[PDB]
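Here is the structure we will look at, set down as C-alpha cells.
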Amino acid sequence: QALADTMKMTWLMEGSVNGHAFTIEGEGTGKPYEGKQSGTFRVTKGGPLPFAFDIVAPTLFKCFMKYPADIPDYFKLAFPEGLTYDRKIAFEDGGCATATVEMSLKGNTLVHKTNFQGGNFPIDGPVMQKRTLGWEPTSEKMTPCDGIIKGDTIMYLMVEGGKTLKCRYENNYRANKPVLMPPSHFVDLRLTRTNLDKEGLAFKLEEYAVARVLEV
Amino acid sequence: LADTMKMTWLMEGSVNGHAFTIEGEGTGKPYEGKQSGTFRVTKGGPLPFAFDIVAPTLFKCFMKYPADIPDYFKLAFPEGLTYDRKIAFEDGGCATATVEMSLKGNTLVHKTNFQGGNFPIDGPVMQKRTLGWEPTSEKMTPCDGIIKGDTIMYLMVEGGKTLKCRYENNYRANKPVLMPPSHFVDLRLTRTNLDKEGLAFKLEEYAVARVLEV
Numbered sequence: 006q007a008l009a010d011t012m013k014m015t016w017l018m019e020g021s022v023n024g025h026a027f028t029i030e031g032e033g034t035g036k037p038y039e040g041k042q043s044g045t046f047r048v049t050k051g052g053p054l055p056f057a058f059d060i061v062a063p064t065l069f070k071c072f073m074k075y076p077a078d079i080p081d082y083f084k085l086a087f088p089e090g091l092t093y094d095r096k097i098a099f100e101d102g103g104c105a106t107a108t109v110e111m112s113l114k115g116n117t118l119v120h121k122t123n124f125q126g127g128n129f130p131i132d133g134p135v136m137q138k139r140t141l142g143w144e145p146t147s148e149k150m151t152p153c154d155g156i157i158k159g160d161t162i163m164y165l166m167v168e169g170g171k172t173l174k175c176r177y178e179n180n181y182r183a184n185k186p187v188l189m190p191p192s193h194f195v196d197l198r199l200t201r202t203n204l205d206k207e208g209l210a211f212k213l214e215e216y217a218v219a220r221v222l223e224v
Numbered sequence: 008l009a010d011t012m013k014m015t016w017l018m019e020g021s022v023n024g025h026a027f028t029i030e031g032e033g034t035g036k037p038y039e040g041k042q043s044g045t046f047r048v049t050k051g052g053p054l055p056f057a058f059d060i061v062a063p064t065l069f070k071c072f073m074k075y076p077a078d079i080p081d082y083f084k085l086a087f088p089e090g091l092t093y094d095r096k097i098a099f100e101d102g103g104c105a106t107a108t109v110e111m112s113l114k115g116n117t118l119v120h121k122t123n124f125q126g127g128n129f130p131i132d133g134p135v136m137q138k139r140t141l142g143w144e145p146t147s148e149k150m151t152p153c154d155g156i157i158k159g160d161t162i163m164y165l166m167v168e169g170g171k172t173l174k175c176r177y178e179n180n181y182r183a184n185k186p187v188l189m190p191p192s193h194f195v196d197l198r199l200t201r202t203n204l205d206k207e208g209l210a211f212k213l214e215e216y217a218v219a220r221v222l223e224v
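Taken in sequence, the protein lines are chains A and D.
Quick note, the first sequence lines up with residues 6 to 65, 69 to 224 if you use the deposited numbering.
Quick note, the second sequence lines up with residues 8 to 65, 69 to 224 if you use the deposited numbering.
Rendered as C-alpha cells:
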C-alpha cells in the first residue's frame with residue numbers, strides 16, 4: 006500500500022476572491038480506505054476573509073474515499089506519484105472560481121497545494137455577505153475519459169433564512185500515465201464545517217465520501 | 008395511478024431553426040419505475056439533428075420509490091405536473107423545453123414544446139453521430155413546493171467519444187403536495203432505431219430513487 010490505514014495531511018492554499026488575496030494553511034488526519042478525513046485550518050494571510058470560507062472548503069482530497077473492492081480506486085492508484093486536478097466552480101448567481109490542486113506524498117504525509125482564483129461574486133450575495141451555513145451533501149459523478157476522471161457535481165450551499173445557492177463543479181482529475189480505470193460511478197459525500205473561533209480565522213473540516221455504481 | 012398505465016406524447020419544436028413534431032404511444036408501470044414508448048417524427052423528418060437530444064425530454071411519474079420517501083411526481087396526480095427544463099451541452103448547443111403532464115382516464119398525456127439552438131454544424135448532434143445516453147443520477151432538491159432536478163448526463167458519440175450535457179429542471183405540481191427530502195433518482199434510457207431513415211424510434215427507461223447514506 007502506498008497509503009497507510011491512517012495518514013497525516015497538510016494544506017497550503019493561496020488565492021484571491023474578488024481581488025482579495027488570502028492564504029490558508031491546514032493540518033489533519035485521515036483514514037483513506039474508510040473515506041474519512043478531518044483537518045484544522047488557519048487563515049494566515051488576508052483574514053478575516055471578506056467572503057464565505059465555505060467557497061474554498063470543498064477544494065480543501070480525493071484519495072479519502074471508501075471504495076468497494078470490485079471498483080478500481082483511481083485516486084489511490086495515483087500514489088505514490090500523486091494527482092493534480094483543475095476545477096471550475098460556477099454559482100447560479102454568477103460567482104465563479106477556477107482552482108488547481110496538487111496532491112503529493114512525503115513519507116507518512118499527504119501534501120495538498122492549491123491556487124484558487126475567484127471572481128464575479130455579487131457584492132450583496134451570500135458569499136460576499138458571509139451568510140452561508142455549509143454545504144448540503146451530494147453525489148459527485150465520476151466519468152473515466154482518456155486516462156483522466158471527470159468529476160461533475162451539483163452542490164447546494166446553505167444560506168441564512170432557509171435559502172440555498174446552487175453551485176456546479178466541473179473537475180478534471182489527472183494521475184500520471186494511468187493504466188487502470190474504473191467504470192463510470194458516483195461518490196456520495198458530506199462535508200461538515202466547524203467554526204473554531206467567532207472572528208473567522210480558524211475552522212475545522214470533516215468529510216466522509218463513499219463510492220458506488222448505479223444499479224440501472 | 009394504476010399498476011399499468013398507457014401514455015401518449017406530442018412534442019413540437021425547432022432545433023437550429025428546423026421545425027418538427029414527434030408523436031408517441033406507450034405503456035409503463037409507474038411504481039416499478041419502468042416505461043417504454045414508440046415515437047414517430049410526423050413533421051420535419053428525417054430530422055437534421057440527433058433524436059437523442061429530445062429523448063430525455065420524452069415522464070417523471072415512472073420511478074421506483076421506497077415507501078419511506080414521498081413520491082412528488084405521483085402525488086401530483088390526478089391534477090398533473092408541469093415542468094421547465096434547461097439543456098446545455100459542453101459545445102454550446104442548448105435547449106429550453108416546457109412539458110405538461112396530465113391524466114385522462116387510464117392514459118397519461120405528455121405535451122412538450124422544445125426549442126433548441128446554437129448546435130455546432132460539425133458537432134455530433136447536427137452530424138447525427140450519437141449513440142444514446144449513458145446512465146446517470148438526477149439530484150432532486152425540494153424548494154418551496156417544487157422539485158429542482160439537476161443532472162450531468164453524457165451523450166455517447168461514434169468513435170468512443172462523449173458529449174457532456176447539463177440539465178436544470180423545475181418540476182411544479184399543479185396542486186401542493188407533501189414534500190420529499192433531498193434525494194437522487196438513478197436512470198437508464200435506451201434508444202432503439204425502428205427504421206433506417208430516422209422517422210421511428212423506441213425508447214425505454216428504468217428510474218429508481220435513493221437517499222444518500224452519508
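Ideal Cβ placement from N, Cα and C applies to all residues, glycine included.
So residue i packs on residue j, CB below 8 angstroms; how close in whole Å?
i                 : j                 : result
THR45 of chain D  : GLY31 of chain D  : 6 angstroms
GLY159 of chain A : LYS149 of chain A : 7 angstroms
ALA219 of chain D : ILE79 of chain D  : 6 angstroms
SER21 of chain A  : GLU214 of chain A : Actually they are not in contact, since the Cβ atoms of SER21 of chain A and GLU214 of chain A sit about 27 angstroms apart, beyond 8 angstroms.
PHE99 of chain A  : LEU91 of chain A  : About 25 angstroms separates the two Cβ atoms, so there is no contact after all.
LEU54 of chain A  : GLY208 of chain A : 6 angstroms
Can you say whether residue i is buried or exposed, counting buried as having 16 or more other CB atoms within 10 angstroms of its CB?
i                 : result
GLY33 of chain A  : buried
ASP59 of chain A  : buried
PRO134 of chain D : buried
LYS185 of chain A : exposed
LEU204 of chain D : exposed
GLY115 of chain A : exposed
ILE29 of chain D  : buried
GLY169 of chain A : exposed
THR161 of chain A : buried
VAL187 of chain A : exposed
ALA26 of chain A  : exposed
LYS206 of chain A : exposed
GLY127 of chain D : exposed
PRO76 of chain A  : exposed
Considering only the alpha carbon of each residue, which of the options lies closest to residue i?
i                      : options                                   : result
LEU17 of chain D       : D:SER112, D:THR151, D:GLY169 and D:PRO76  : D:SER112
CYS71 of chain A       : A:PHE56, A:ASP78 and A:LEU85              : A:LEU85
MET166 of chain D      : A:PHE83, A:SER192, A:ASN180 and A:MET166  : A:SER192
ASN179 of chain D      : D:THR202, D:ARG198, D:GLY169 and D:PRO152 : D:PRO152
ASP81 of chain D       : D:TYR181, D:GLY127, D:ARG176 and D:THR200 : D:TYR181
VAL61 of chain A       : A:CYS104, A:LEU188, A:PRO37 and A:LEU91   : A:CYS104
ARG95 of chain A       : A:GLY102, A:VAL119, A:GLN125 and A:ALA77  : A:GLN125
residue 2 of chain D   : D:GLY169, D:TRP143, D:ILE156 and D:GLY170 : Outside the displayed range of chain D (8 to 224) lies residue 2 of chain D, so it cannot be described from this structure.
residue 7 of chain D   : D:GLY51, D:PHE27 and D:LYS36              : No information on residue 7 of chain D is available, as it lies outside the stretch 8 to 224 that chain D covers here.
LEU197 of chain D      : A:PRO190, A:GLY40 and A:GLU223            : A:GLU223
residue 238 of chain A : A:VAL195, A:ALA26, A:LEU188 and A:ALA210  : With chain A covering 6 to 224 only, the question about residue 238 of chain A has no answer from this structure.
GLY102 of chain D      : D:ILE131, D:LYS206, D:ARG47 and D:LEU91   : D:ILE131
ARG176 of chain A      : A:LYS212, A:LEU118 and A:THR64            : A:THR64
Give the interface partners of residue i over in chain E, defined as CB-CB distance under 7 angstroms, in chain order.
i                 : result
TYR216 of chain A : Looking at the structure shown, chain E is missing, and the protein chains on hand are A and D.
Less than 6 angstroms separating the Cβ of residue i from some heavy atom of the ligand ADP?
i                : result
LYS41 of chain A : Among the components modelled here there is no ligand, and therefore nothing to report on the ligand ADP.
Taking a cut of 8 angstroms between CB atoms, which residues from the stretch 123-153 of chain D lie near chain A?
Residues passing the 8 angstroms Cβ filter: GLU144, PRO145, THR146, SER147, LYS149, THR151 and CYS153.
Chain A contacts made by the stretch 84-108 of chain D, where a contact means CB separation under 7 angstroms:
Residues passing the 7 angstroms Cβ filter: none.
What residues from the stretch 196-214 of chain A come within 8 angstroms of chain D, judged by C-beta to C-beta, listed N to C?
Cβ contacts with chain D come from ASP196, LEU197 and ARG198.
At a CB distance below 8 angstroms, what residues from the stretch 176-196 of chain A approach chain D? Give them in sequence order.
Those residues of the stretch 176-196 of chain A that come within reach of chain D (Cβ to Cβ, closer than 8 angstroms) are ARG176, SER192, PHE194 and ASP196.
Interface residues of the stretch 110-121 of chain A facing chain D [CB-CB below 7 angstroms]:
If you check each beta-carbon in the stretch 110-121 of chain A against every beta-carbon of chain D, none falls closer than 7 angstroms.
Quick check for students: name the residue ranges of the beta strand (DSSP E) that lie wholly in the stretch 169-223 of chain D, counting only runs of 3 or more.
Secondary structure remark: continuous beta strand (DSSP E) runs of at least 3 residues inside the stretch 169-223 of chain D, in chain order: 171-183, 193-203 and 210-220.
May I ask you to list, following chain order, the residues of the stretch 154-170 of chain A that have a beta carbon less than 7 angstroms from some beta carbon of chain D?
Taking 7 angstroms as the Cβ-Cβ cut-off against chain D, the residues of the stretch 154-170 of chain A that qualify are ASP160, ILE162 and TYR164.
Which whole runs of the alpha helix (DSSP H) in the stretch 81-144 of chain A are 4 residues long or more, in chain order?
Every alpha helix (DSSP H) stretch that sits fully inside the stretch 81-144 of chain A and reaches 4 residues is listed by chain position as 82-85.
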